[PDB]
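What follows is a short report on a single structure.
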Amino acid sequence: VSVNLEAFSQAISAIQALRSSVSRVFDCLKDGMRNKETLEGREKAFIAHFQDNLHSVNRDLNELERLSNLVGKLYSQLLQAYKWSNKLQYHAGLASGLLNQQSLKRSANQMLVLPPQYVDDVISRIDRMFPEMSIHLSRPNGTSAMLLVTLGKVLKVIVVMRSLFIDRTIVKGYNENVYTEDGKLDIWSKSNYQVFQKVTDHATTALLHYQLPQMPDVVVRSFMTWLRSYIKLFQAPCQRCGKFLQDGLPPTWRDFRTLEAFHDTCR
Amino acid sequence: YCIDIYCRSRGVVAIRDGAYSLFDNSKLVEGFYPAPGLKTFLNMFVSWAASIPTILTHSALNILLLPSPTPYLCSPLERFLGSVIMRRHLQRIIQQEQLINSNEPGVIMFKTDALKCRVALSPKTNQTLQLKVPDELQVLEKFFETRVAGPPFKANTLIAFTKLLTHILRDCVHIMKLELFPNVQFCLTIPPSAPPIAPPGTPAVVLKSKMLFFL
Amino acid sequence: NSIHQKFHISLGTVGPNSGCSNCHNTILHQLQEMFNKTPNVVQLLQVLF
Amino acid sequence: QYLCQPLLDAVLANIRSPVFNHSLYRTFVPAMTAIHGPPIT
Amino acid sequence: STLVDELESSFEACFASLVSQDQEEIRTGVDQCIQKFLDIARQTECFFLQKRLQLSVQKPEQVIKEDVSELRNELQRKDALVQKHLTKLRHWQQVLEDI
Amino acid sequence: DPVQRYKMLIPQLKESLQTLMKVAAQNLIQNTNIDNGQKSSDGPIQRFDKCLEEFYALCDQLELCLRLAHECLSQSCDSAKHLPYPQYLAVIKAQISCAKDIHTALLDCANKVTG
Amino acid sequence: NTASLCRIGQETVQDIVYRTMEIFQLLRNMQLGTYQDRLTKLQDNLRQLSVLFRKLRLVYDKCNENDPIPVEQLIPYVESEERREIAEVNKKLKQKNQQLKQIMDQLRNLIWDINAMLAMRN
Ligand SMILES: [Zn+2]
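Quick note, the sequences are listed as chains A, B, C, D, E, F and G, same order. FYI, the numbering for the first sequence is 7 to 79, 103 to 140, 155 to 310, going by the UniProt record's numbering. FYI, the numbering for the second sequence is 922 to 967, 1168 to 1192, 1202 to 1227, 1230 to 1265, 1275 to 1306, 1310 to 1326, 1335 to 1367, going by the UniProt record's numbering. Take the UniProt record's numbering: the last position of the third sequence gets the number 873, and nothing is skipped along the way. Take the UniProt record's numbering: the last position of the fourth sequence gets the number 655, and nothing is skipped along the way. FYI, the numbering for the fifth sequence is 42 to 62, 69 to 146, going by the UniProt record's numbering. FYI, the numbering for the sixth sequence is 55 to 136, 155 to 187, going by the UniProt record's numbering. FYI, the numbering for the seventh sequence is 29 to 60, 69 to 102, 107 to 119, 136 to 178, going by the UniProt record's numbering.
Written out as structure tokens, the structure is:
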């Protein structure tokens, strides 16, 4: 356990700060006087500093017991070869660096085929968690995969891929026939809802926002992570206007890199 | 055991005893048993009088604190502790249960049978103690110097060697001369000597630490 | 640092000439305490020297 | 704030005294300079 | 003058964070090397902006040499594809009479 | 063992500071009365330097309860991080070979750069 | 010609800069038999890095061999038969662009024919 082993740090610092502060109380009163020209700038500062250091000792004493309340509670030769592997984890963090994703790219101008089973292995990696959502991969038309996604009791989404990249994505509710009369997945239709049609535009702006020229897996992973915030729809008020409805519209627009529900007017 | 270091300008360091008390000679520290003889080990670089902070010019602390080959790459400081920590606790071995009989300033004589030995601090290198006790006797202390007083310096290996120490010495030294020519297992003369095979060895397991004999 | 009303002196290795780390941080909580007393840069510089 | 009134009462009793800086010195100086350490170089 | 040298001086400083024999030094060390290294690089651009604007205005011929150079290299790659396209055009010929 | 031994040091420490400041206040009046002109027999002088034996040692017996615990929460946890002993004997020498290989590869790249 | 060499020097500076970020991108992928491939990859990368370093030193000397005329002549103040070739080939390449434009327009008609085929195929 480490909650007590790190909560002890404040108390073990506070007792030494008590020793140092009472030493200050002793020697500052033992320092005598430093007039610095006028006496009224000293003798009125005498009671000021005498209150200051004594009250510092007092507040240190006081904050000692609120930390004390929250806390609770071959022989040494082979011990040395144990923690070095644990500090090798820090050594892994030694060469990380904070440069991360950001680079200094210029223009990319000078002077392919992948199996659908690779797409299936891609979709199997992230479907394994988030059990409230489901993924149903299908290719009734060509090698391109379009997927049915159910979101608890809320949303039914068709997500069309092509050429291993993104093609389209249309979201509807939970009580509609997303299939056709023949039973195939619907391709060209409309969600028949003002809020859903409004947020499909946000989805189209988001798919053109996540731009990786080589790595579309993180593009679609960030897309579905963004979509995961939309299971909180009709349940969270807007962050700037307080109320849900802006002209009758609840907040939906999650901002880029900061996922919280907004409107177009609410930015 | 404790160390005091007091830095100062122009490369000056004041070296106190640490384990002493500055102020009380009637009273000391409970957990830090006092550490004598420290200044002599300082003065070669150059009772309760080692409690002074000793001026050094930031340069003998180099050779003292540096891990150096043992005269394992163990420092003259930590070797000297090992010479000390054997010297403290061998006494605490000898006084209990065996026969204790010695008369010297700091040297200790264990008056048992089979060439009772007397051990003092070595003068050329104080970092190791030196024991004084036919020709196969002397190899035992060099093995004791290299291994039982090995620079890991843990206490319980002395428990075996103190309890380790007649004709049993004759075979084991033949095994000891053999082992020195090329551990946790000693030898005994159930037979007359130690041949190349079938010796009545005396081992000691780490997890057991019991009197082990194999024949 | 205004909400601290303090200074957060960072003891740090610079240049390709060192061993494992900066290693001045044993006295880290102690060097901060002394400059509570003093607004004098030489007090910091000379203790290092 | 709690159990500090001897320290508060000592300074008001010892105020308007000409031996103030020496009375406090006499009653206090050996306690901190002995155990906690010597003065600086 | 010798601007590559102080540029490549910051190169081994970029290795100072990497090669040796509590985090705050690392964030500073990887920063000020890089920010001076982008400092030492962007000025070479402006130095190169100086050097070929010198060549741009002091003479008009190296402008039109490189203008011909880019269009000839466009002239080939234009021609490189069209009879490639034509050979390709010949490809779906027999692809389509398979029925 | 030390989990219940810590539970008595801290409440003893709080009152150790209390009796420390109480004997300090006992010394304060007795020593201020000597300085100015007024007479009072010291009797039980109750000198403070003995009482300081009680508190700092209780701050030290705290650390003996913590630092040994700092050892006690470490040694048993990482004793068997990586049941068959010879497999472990093989993987420790393999990993200590590879760690030195990457350690000298870092210096190999550094020496390829300069030096 | 020398302006092309200065452009080459600028692009090789960009090459070393991109080389630096690609080294930092590649090395950050490994922390503590898969290890051998990454180290061989980085060895080839640093070999190409050294080759690029020496070739930028070569082209830096090549661009620095010729400069007497200084800067501040460069600020634009308000106060032979190759040109015939340029003028004649500009409209030829424009005519080629238009000639392929009618062809791709015919292909546009073809693709507007073909997208209605699958539209009502069923
Ligand atoms: Zn809103």
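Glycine included, each C-beta is placed from N, C-alpha and C at the ideal position.
Ligand 1 and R297/A: does any heavy atom of the ligand fall closer than 7 Å to the residue's C-beta? Within the first sequence, residue 297/A is the residue found at index 254, counting from 1. No, Cβ of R297/A sits at least 7 Å from all heavy atoms of ligand 1.
Taking C-beta to C-beta, are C618/D and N64/A nearer than 8 Å? Along the fourth sequence, read from residue 1 onward, the residue named residue 618/D stands at position 4. Along the first sequence, read from residue 1 onward, the residue named residue 64/A stands at position 58. Result yes, Cβ atoms of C618/D and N64/A sit closer than 8 Å.
Could you say which of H853/C, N841/C, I827/C lies nearest to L835/C if we only look at CA atoms? Counting from one through the third sequence, the residue named residue 835/C turns up at place 11. The residue with the shortest Cα to Cα distance from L835/C is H853/C.
List, in order along the chain, the chain G residues whose C-beta lies closer than 9 Å to that of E113/E? Within the fifth sequence, numbered from 1, the residue matching residue 113/E stands at position 66. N29, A31, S32, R35, listed in chain order.
Who's in the neighbourhood of ligand 1, going by beta-carbon under 5 Å from any heavy atom, listed in chain order? The set of residues with any CB-heavy atom separation to ligand 1 below 5 Å comprises, in chain order, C281/A, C284/A, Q289/A, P294/A, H306/A, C309/A.
The stretch 57-68 of chain F: positions lying closer than 7 Å to chain A by Cβ: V57, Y60, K61, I64
Which residues, in order along the stretch 828-849 of chain C, keep a beta-carbon less than 7 Å from a beta-carbon of chain E? Close to chain E, meaning a Cβ-Cβ distance shorter than 7 Å, are the following residues of the stretch 828-849 of chain C: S834, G836, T837, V838, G839, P840, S842, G843, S845, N846, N849.
Helix, strand or coil at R182/A [DSSP, three-state]: In the first sequence, residue 182/A corresponds to position 139, counting from 1. Coil.
Does the distance from the C-beta atom of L949/B to that of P955/B stay below 8 Å? Translated into the one-based positions of the second sequence, residue 949/B becomes position 28. Translated into the one-based positions of the second sequence, residue 955/B becomes position 34. Yes. Within cutoff.
Strand pairing of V192/A, partner residues [DSSP]: Stepping through the first sequence from its first residue, residue 192/A is reached at position 149. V192/A is bridged to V200/A.
Hey, out of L1207/B, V1289/B, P1348/B, whose CA is closest to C923/B's CA? What you label residue 923/B is simply residue 2 of the second sequence in a count that begins at 1. Comparing Cα-Cα distances from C923/B to each of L1207/B, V1289/B, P1348/B, the minimum goes to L1207/B.
Which chain E residues sit within Cβ distance under 9 Å of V185/F? One-based indexing of the sixth sequence puts residue 185/F at position 113. Under the 9 Å cutoff, chain E gives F52, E53, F56, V60.
Would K79/A count as contacting chain F if we go by Cβ distances under 8 Å? Walking along the first sequence from the start, residue 79/A turns up at place 73. Yes, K79/A lies at the interface with chain F (some Cβ there is under 8 Å from its Cβ).
Under 8 Å between beta-carbons, which chain D residues line up against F102/F? List them in chain order, please. The sequence position of residue 102/F within the sixth sequence is 48, counting from 1. Near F102/F (Cβ distances below 8 Å), the residues of chain D are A645.
Can you pull out the residues from the stretch 626-639 of chain D whose beta carbon lies closer than 8 Å to at least one beta carbon of chain A? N635, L638, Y639
Continuous beta strand (DSSP E) stretch holding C284/A: start and end: Position 241 of the first sequence, counting from 1, holds the residue named residue 284/A. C284/A: not part of any beta strand (DSSP E); DSSP gives it neither H nor E.
Residues of chain A with CB under 7 Å from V1358/B, in chain order? Taking the first residue of the second sequence as 1, we reach residue 1358/B at position 206. Correct list: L103.
Among all the DSSP beta bridges, which residues are the ones paired with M176/A? For the purposes of this step, residue 176/A is taken as the residue at position 133 of the first sequence. Paired residue(s): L194/A.
For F1294/B versus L1367/B, is the C-beta spacing smaller than 8 Å? Locating residue 1294/B in the second sequence gives position 153, counting from the first residue. Locating residue 1367/B in the second sequence gives position 215, counting from the first residue. Going by C-beta atoms, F1294/B is not nearer than 8 Å to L1367/B.
Quick one: what does DSSP say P1347/B is sitting in, helix, strand or coil? Taking the first residue of the second sequence as position 1, residue 1347/B is located at position 195. In this structure, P1347/B counts as coil in the three-state DSSP scheme.
Which chain F residues are close to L75/G, counting only those with a beta carbon under 7 Å from its beta carbon? Here residue 75/G refers to the residue found at position 39 of the seventh sequence. Correct list: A177.
Using DSSP's beta-bridge definition, name the partner residues of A935/B. Working through the second sequence from its first residue, we reach residue 935/B at position 14. BP columns for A935/B point to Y927/B, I1176/B.
Cβ of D126/E less than 8 Å from any chain C Cβ? What you label residue 126/E is simply residue 79 of the fifth sequence in a count that begins at 1. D126/E does not count as touching chain C.
Starting from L617/D, find everything on chain F with Cβ-Cβ shorter than 9 Å and list it in chain order. In the fourth sequence, counting from the first residue as 1, residue 617/D sits at position 3. Within 9 Å of the CB of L617/D, the CB atoms of chain F belong to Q72, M75, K76, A79, in sequence order along the chain.
7 Å CB neighbourhood of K286/A in its chain, flanking five on each side removed: One-based indexing of the first sequence puts residue 286/A at position 243. Cβ contact annotation for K286/A (same chain, cutoff 7 Å, sequence separation greater than five): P280, in chain order.
Considering only their Cβ atoms, is the gap separating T1303/B from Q1337/B smaller than 8 Å? Taking the second sequence and counting its residues from 1, the one referred to as residue 1337/B is at position 185. Taking the second sequence and counting its residues from 1, the one referred to as residue 1303/B is at position 162. No, the Cβ-Cβ distance between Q1337/B and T1303/B is not below 8 Å.
Would a check of beta-carbon distances place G47/A closer than 8 Å to chain E? For the purposes of this step, residue 47/A is taken as the residue at position 41 of the first sequence. No, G47/A lies away from the interface with chain E (no Cβ there is under 8 Å from its Cβ).
Round the Cβ separation of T193/A and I213/A to the nearest angstrom and send it over; I've been treating them as touching at under 8 Å. The count along the first sequence starts at 1 and reaches residue 193/A at position 150. The count along the first sequence starts at 1 and reaches residue 213/A at position 170. About 14 Å separates the beta carbon of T193/A from that of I213/A, a gap too long to meet the 8 Å contact definition.
Three-state secondary structure (DSSP) of residue 64/E: A gap in chain E, from 62 straight to 69, means residue 64/E has no coordinates in the model shown.
Taking all protein chains shown into account, decide if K227/A is buried (16 or more other Cβ within 10 angstroms of its Cβ) or exposed. Walking along the first sequence from the start, residue 227/A turns up at place 184. Burial call: exposed.
How long is the line joining the alpha carbons of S8/A and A123/F, rounded to whole angstroms? By one-based count along the first sequence, residue 8/A stands at place 2. By one-based count along the sixth sequence, residue 123/F stands at place 69. The alpha-carbon atoms of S8/A and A123/F are separated by roughly 12 Å.
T655/D at chain F interface by Cβ criterion, 8 Å: What you label residue 655/D is simply residue 41 of the fourth sequence in a count that begins at 1. So, not an interface residue.
Since I believe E72/E is in contact with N849/C (beta carbons under 8 Å), could you give me their beta-carbon distance rounded to a whole number of angstroms? Reading the third sequence from its first residue, position 25 is the one you call residue 849/C. Reading the fifth sequence from its first residue, position 25 is the one you call residue 72/E. The beta-carbon distance between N849/C and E72/E, rounded to whole angstroms, is 10 Å. This is too long to meet the 8 Å contact definition.
Proximal chain B residues relative to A123/F, where beta-carbon distance stays under 9 Å: If you number the sixth sequence from 1, residue 123/F lands on position 69. Contacts between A123/F and chain B, judged by CB atoms closer than 9 Å, are missing: the closest CB pair is about 16 Å apart.
Rounded to the nearest angstrom, what separates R35/G and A127/E at their Cα positions? Against the seventh sequence, residue 35/G aligns to sequence position 7. Against the fifth sequence, residue 127/E aligns to sequence position 80. Using only the alpha carbons, I get a separation of about 25 Å.
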